[PDB]
Structure formats: C-alpha cells, structure tokens
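A closer look at the structure
Residues per chain are reported as follows:
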Amino acid sequence: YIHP
Amino acid sequence: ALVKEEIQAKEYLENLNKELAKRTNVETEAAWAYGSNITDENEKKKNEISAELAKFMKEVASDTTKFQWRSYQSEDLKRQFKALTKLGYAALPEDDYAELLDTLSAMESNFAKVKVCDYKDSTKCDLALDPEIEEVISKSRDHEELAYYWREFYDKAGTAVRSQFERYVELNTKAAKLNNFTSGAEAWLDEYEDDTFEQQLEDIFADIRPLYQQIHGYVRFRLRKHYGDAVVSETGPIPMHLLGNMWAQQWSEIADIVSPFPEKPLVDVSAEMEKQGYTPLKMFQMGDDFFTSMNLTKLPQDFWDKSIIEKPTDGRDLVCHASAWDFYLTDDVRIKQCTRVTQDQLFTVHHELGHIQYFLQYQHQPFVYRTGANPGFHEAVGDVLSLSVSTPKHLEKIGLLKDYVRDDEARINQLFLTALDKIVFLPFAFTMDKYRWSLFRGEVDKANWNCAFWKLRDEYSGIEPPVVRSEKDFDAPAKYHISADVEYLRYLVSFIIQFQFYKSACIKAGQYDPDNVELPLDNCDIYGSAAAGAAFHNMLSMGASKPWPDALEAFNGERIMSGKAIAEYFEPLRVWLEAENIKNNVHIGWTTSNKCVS
Ligand SMILES: *[C@@H]1O[C@H](CO)[C@@H](O[C@@H]2O[C@H](CO)[C@@H](O[C@@H]3O[C@H](CO[C@H]4O[C@H](CO)[C@@H](O)[C@H](O)[C@@H]4O)[C@@H](O)[C@H](O[C@H]4O[C@H](CO[C@@H]5O[C@H](CO)[C@@H](O)[C@H](O)[C@@H]5O)[C@@H](O)[C@H](O)[C@@H]4O)[C@@H]3O)[C@H](O)[C@H]2NC(C)=O)[C@H](O)[C@H]1NC(C)=O
Ligand SMILES: [Zn+2]
C-alpha cells in the first residue's frame, strides 16, 4: 500500500 | 442437498482463509526482503514464492466449482466464494505468469536503481531520485537546471523500459481475458463493485474542473512574473519542470512564489522541525500519538522492531517509494519509508500510518476481507489525519507554527496551499489510469503510445514537458506506480472521499459548523477526538466484508461518493480566486501543446  | 452443503462450505471457507493468510505471509516476507534490499538473489526468491502461491490459487479457483455457492442463502458466504474465484494474474499459464513476474521486477528495479550525473559535476553520477533529484526539483528556480534533471530522469526511468512495458501490457491483457474481463481496465475497475463507477468519476471531475482551471491560470500568471515570458507563455500549457514536482502531480513546493498574499504567512514548518531536532522516529511516534488520541489502535511492537523508517546508509539498492505492509498474521505490520524531516514528509508518515491502522482494524476478519472496502478507502484514511495535521490550529498546538495571525489573507494563503496539493492532483490522478486503460483496452496503436500519454497530460492538466519529446521516448514509466504496476484510480477516489470523511469527522468532533465563523472546515483539528475515532473504528473494522457504500454508511450514514465535501472545503477559495483572476485579467485555458512530435 503505497504513497501517491 | 444444499442446506447440508452450505454448512460444509462455511467450514471449508474458515480453513481456506486461514491457509491463504499463512501462504500470503510467506510471499509478503519475500516481497518485503526484495523491496528493502534489491538483489538478483532476492528477486529470484520473491518471484518463485509468487509462482508457488499462484499455483495454489489456481487449485482454489477450481475447487470453488465443487460448491453450489451461487445457490446459497448466506450473502456473506457467497461474497467470500466470489472473492476466491478472482484469480487475477494467477489465471495465466505457469510460463506466462513467471515471465510477467520477471517483467514486473525488471521495471520496478530499473526505476529504483536510476542514478543521474550532477548538473554542475559530470564526475558525480550517484544522484538518485530520492533524495538528490527531488531536492533539486523542489528547491531550484534555475529553469535550465530543472530541465536537465527532468530529461535525465525521464530518459532513464521511462524510455529504458519501453519493451518491458509493452510485454507487461500484453500479459496483463491476457490475464484479464482469462478472468473474462475485456481488459486490465475492467479487471481494475472490478474492485469498486459499481458498473457506473467511471461515469460517476467523470461527473465529479467535471464539477471540480472549473476550479482547477482557475488555479492553473493564476499559477501560470504568477510563474510568468517569476521566470518571464520567454520561459512561460500566457496562452500555452505550463512547462511542467517549473511546478516543483517531477510529475507535476502537486505544486505545493512552489507556494513561496505563487501564494496569493506573499506579505502574509505561508505555512512551511520544515525549518522549525529541523530547529527542534525532529527525527523520523519522532515523526512516526507523533503519528502514533494522533491515532491513539482518537481512541484508535496503538502501533504494535513488531512495527517498531521491523519497520524501515530511514534510507539505509550502506551501498544497497532498494525501493524508497514509501509503502505500508500487512503480513496477515497478528500485529505484524510495517512501513518502509526513506523519511526526511520536512512538512510534506510529516503528511506522508500519517498517510502510511493510515494504511497500518486499517490493517490492525480488520485483522480479525477472514483473510479475503482483510483489505479496503475499495482501494480508495485505504488511501483516504491517513490523508484525513494529514488534513488536520496541516491546519494552523494543529501546527500551533505542537509548536511547529509560531507567531501566526489567522486573518482573511492568511486563510486564503492556506486554502491555496492546500489546493496546490488537493485540487491540482485530481486531473493528474485521472490521467494515470485513463492512459493505462486506453493501452489495456487496445485503443492506442503502439506507434502512438508516448504522445497519447502527453496528450492526456495536456488535455486534463494543461502541463507539458520542458523539452520536445517524440515516440523515440517513453515517459509514462518514469512515474513509480506505472513502473510498479500499481492501479492509480484509488488516489482519485481517495482525494474525493477523504473530504467526505474529513467533513463528517470534523462535525462529529464539534470542529465544524457551516453557520459558525469560528469553526471553519479548513481549520478543523480532529486530534484527541474519540467521536471521530469511533466513526473510523465502525468503518475500518469492516474491511471488505461488505460493498463500500455499506462501509461509508457505517462512517457517516451516507452511501454515495460525492464531490460536495471537497467543493465545500474550497468554496471560500473559489470565490476569492474567480474574483482575483478577473481583477488581474488572467487568461484561463491553454492551446494544444507542441512538445510531443508525432
Ligand atoms: C470464461 O468464460 C468461458 C466461456 O466463454 C468459460 O469456459 C467455459 O466454462 C464452462 C465451465 O462452467 C465449460 O462448461 C463445460 O463444458 C464441458 C464440455 O465442453 C467441451 O466442449 C466445448 C464445445 O462444445 C469446448 O469448447 C470445450 O473446450 C470442451 O471441450 C461439459 O462437459 C461440462 O459439463 C459438466 O458440467 C456441467 C456443469 O454443472 C454445473 O454444476 C452442477 C454439478 O456440480 C450441476 O448440477 C449444475 O446444473 C451446473 O450446470 C454439468 O451440468 C454436466 O453434467 C457436466 O458435469 C461443462 O458444461 C465450458 O466448456 C467452458 N468453455 C467454453 C468455450 O464454453 C470459463 O469458465 C470462464 N472463466 C471464468 C474464470 O469464469
Ligand atoms: Zn497509500
């Protein structure tokens, strides 16, 4: 689950 | 008969879910090891475990046909079985799956390993995106220096993986069709469980688009005063390298030169963070504090023991793009972030901790339900807190913002600063998936793939490359999520729904009343609010056990994704900006870009  | 089978099926699911959690743990460990330490050995290990799990998933999908699950009484059991039929990439033949994995790691490792030469020193060629290149992009106002770093990065992170990206599209399409979706676009869109989802987003985007146009026009106007008309034209797309971000996805780094009222305060707490001796550890502890202050779940010991919160100082290659990780046991959750001591990074910490909290909140759910209500929900959680953290209200409480007077002009500055992040991002995020959808759907000939990217960036965002590009270049994979095959629509959804969450959390906290001048939405701090926390608990604990409108209903009683809340937040800015652009005779809109030659 990653940052934009 | 069916009654006896449904009892049998319930037991089957209970065991299978636990088995899937345990098997996924093993794959996740190998993926974590590779992302933390990129080597040929770790790549091989990651991909081999994935191949093994894919094989098991195939047997699972096959075994579901032994159960008459569509005939069952329990909506819950049917929902679980349906989740198990969805194979994704694992539907591919053994050899095709292995090749896709090799293709995916080739692209992600390429991105992560990019290094460029210093603009001033062709000797020094060890500048990575994070932090060296991003430092220049965010801080330099030398337009030629900026253009140099833009070209070097895009050539290496983008063009270098064209052939790999082409094979990835082929195999992604093949996988989707084996699951009987038309393309990878439909496969991705399936996560939103709504057959009008694209139209819904087009409708919301159309409502907010005029505000973006006003912000765009004003920023261009202000950039002309800074750089002159030789660098920035009145009527053309904005040269993207001047926007303080490698992808021009958010423009807050240039706030100091485009702020409505330059003589009034502009919130930038990075220097105060450094002065007060902030560390990555402190920032994460503060994020933890925010969550617990809301009566939400404390970070477990495994988080602190196992997380990577600073860039390693040894020689090693790794993925520095911030991420949060669920290991599918109990309390084994981790973040990997190459944390720097800045305001933006303090928001990133809270964003990532938002994922972690979601993991902890639903870890009691069956395996298949241990994910977001939809991918947008997962991205929204931490951003709701970050909206609060960003307020002058909160930043004064924690001593990071000093001698701040909150007059009308300072409020406009702060609203504009927020918009440079939140409104500007919307067309950007939409184009990331509009582009990939069009490739997945076979709507663009391979001969036109690069200019199809820049055409969308022009049409929606009104930005363009600093230099002329052509079909000799391939610029899309220069964005992390494109190289790493991470769906991007989740972020568009997030940026819309996070304002729905924020507005409701603020109302529940007694921090927002539309009829009370003392309680504006744009200065709401939900820190310490157990009432806001209760709403989060009610929603997050559900995981993916129910369709997402039921998860939203659990939060605030609503069932519809809506642009009402984001527009409400920015309404004071809209009124001021429309008037300011008229006052200054600001040109709105842009001619078609000349920067991608067909
Ligand atoms: C994506 O879509 C694909 C279709 O475009 C789909 O592929 C189809 O899946 C079907 C499985 O449900 C499959 O149907 C079987 O066909 C067998 C014979 O097919 C052969 O000849 C075809 C040409 O005529 C060829 O195209 C094929 O390649 C094959 O060579 C049948 O023998 C078989 O039958 C058995 O199963 C049925 C189903 O039973 C069901 O369940 C219970 C029993 O537990 C029943 O009580 C209940 O009534 C229900 O019907 C039995 O009725 C029967 O007695 C046999 O046991 C079956 O019909 C089909 O062949 C296949 N391909 C095509 C081209 O149609 C994919 O599955 C989709 N993928 C995903 C992931 O969803
Ligand atoms: Zn995220």
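Residues numbered from 1 in each chain as written, not as in the entry; some residues may be left out. Chains lettered and ligands numbered in written order. Heavy atoms only, no water. Residues with missing side-chain atoms left out of burial classes, pairs and counts.

The record lists X-ray crystallography as the method behind this PDB entry and 1.99 Å as its resolution.

**Structural notes on the site of ligand 1**
All names here are of chain B. The full set of residues close to ligand 1 is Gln68, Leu178 and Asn180. For ligand 1, an oxygen atom lies 3.3 Å from a polar atom in the side chain of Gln68. Between ligand 1 and the protein, one listed contact pairs an oxygen atom with a side-chain N or O atom of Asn180 at 2.4 Å. Within the complex, 11% of the 1,200 Å² of free accessible area of ligand 1 lies under protein. (Near = heavy atom within 4 Å. Polar contact = N/O pair within 3.5 Å; in protein donor to acceptor, adjacent residues only side chain to side chain. Areas by Shrake-Rupley, 256 points an atom, 1.4 Å probe, with all protein chains shown as cover.)

**What about the environment of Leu521(B)?**
Residues and elements named next belong to chain B. Locating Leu521 in the fold gives a position in the loop between α21 (489-508) and α22 (530-540). Classification of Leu521 by relative accessible area gives buried; the value is 4%. For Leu521 and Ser388, which are 133 residues apart along the polypeptide, the C-alpha to C-alpha distance reads 9.7 Å. (Helix = DSSP H or I, 4+ residues; strand = E, 2+ residues; numbered from the N terminus. Buried < 20%, exposed > 50% of the residue type's maximum accessible area, 1.4 Å probe, protein only.)

**Considering the pairing of strand β3 (residues 333-336) of chain B**
All names here are of chain B. Residue alternation in β3 divides its side chains into two sets, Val333 and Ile335 and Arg334 and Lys336, and both sets are buried. Bridge analysis of strand β2 (residues 323-326) against β3 gives four bridges, and the strand direction is antiparallel. Looking at the pairing, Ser323 lines up with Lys336 of β3. Counted between consecutive antiparallel strands, the loop separating β2 from β3 contains six residues, among which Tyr328 sits at a positive phi close to 65°. (Pairing = 2+ DSSP bridges.)

**Details of unusual backbone geometry**
Residue and element names in this part refer to chain B. Note that the residue after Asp130, namely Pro131, is joined by a cis bond; omega there is 5°. In this fold, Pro131 is placed in helix α5 (residues 129-139). Of note, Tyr328 is a non-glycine position whose phi angle comes to about 65°, a positive value. Since its relative accessible area comes to 17%, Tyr328 is described here as buried.

**Focus on the coordination of the zinc ion (ligand 2)**
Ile2(A) (O), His351(B) (NE2), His355(B) (NE2) and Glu379(B) (OE) make up the full set of protein donors to the zinc ion (ligand 2), lying at 2.0 to 2.2 Å. Around the zinc ion (ligand 2), the four donor atoms are arranged such that angles at the metal cover 90 to 138°; this shape is classified as irregular. Both residues of the pair, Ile2(A) and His351(B), count as buried. (Donors = N, O, S within 2.8 Å, 3.2 Å for Na, K, Ca; no water. Tetrahedral: all angles 85-135°; square planar, octahedral: opposite > 155°, others 65-115°.)

**Comments concerning the state of the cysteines**
All names here are of chain B. Following the criterion strictly, the structure yields four disulfides over all chains and no others. Note that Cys506 is cross-linked by a disulfide to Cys524, the S-S spacing being 2.0 Å. What sets the handedness of the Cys506 and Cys524 disulfide is the S-S torsion sign, and at about -90° it is left-handed. Of this pair, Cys506 sits in helix α21 while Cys524 sits in the loop between α21 and α22, placing them 18 residues apart in sequence. Of the two residues, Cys506 and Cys524, both sit in the buried class. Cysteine pairing for chain B, with bonded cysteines counted in sequence order: 1-2, 3-4, 5-8, 6-7. (Disulfide = S-S within 2.5 Å.)

**Quick look at the side chain of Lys595(B)**
Tracing the sequence through the fold places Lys595(B) in the loop between α24 (564-583) and β6 (596-597). Filtering out sequence-adjacent residues up to four positions away, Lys595(B) remains in contact with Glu464(B), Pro465(B), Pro466(B), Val467(B), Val468(B) and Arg469(B). (Contact = heavy atoms within 4.5 Å.)

**What to know about the packing of aromatic side chains**
Residue and element names in this part refer to chain B. Across all of its chains, the model carries 56 aromatic pairs over all chains by this definition. Here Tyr212 and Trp251 contribute two aromatic rings whose centre-to-centre distance is 6.0 Å and whose plane-to-plane angle is 55°, an arrangement assigned as tilted. Separated by 39 residues along the polypeptide, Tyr212 in helix α9 (residues 197-227) and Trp251 in the loop between β1 (238-239) and α10 (255-258) bring together distant segments of the chain. Judged by its relative accessible area of 1%, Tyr212 falls in the buried class. Both rings, one in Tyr502 and one in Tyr569, keep their centres 6.1 Å apart while their planes meet at 55°; by these two values the pair is tilted. Residue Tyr502 is found in helix α21, and its partner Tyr569 is found in helix α24; the two are separated by 67 residues along the sequence. For the residue pair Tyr502 and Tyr569, the accessibility class agrees, reading buried in each case. By way of ring pairs, the aromatic residues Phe111, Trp150, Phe153, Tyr154, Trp247, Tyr435, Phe453, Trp454 and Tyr480 are connected into one cluster. Over the aromatic face of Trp32 sits the side chain of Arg334, whose NZ or CZ is 5.0 Å from the ring centroid. A cation over an aromatic ring shows up here: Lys479 above the ring of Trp247, its NZ or CZ 4.5 Å from the ring centre. (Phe/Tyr/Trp six-rings, centres within 6.5 Å; stacked < 30°, edge-to-face > 60°. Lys NZ or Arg CZ within 6 Å of the ring centre and 35° of its normal.)

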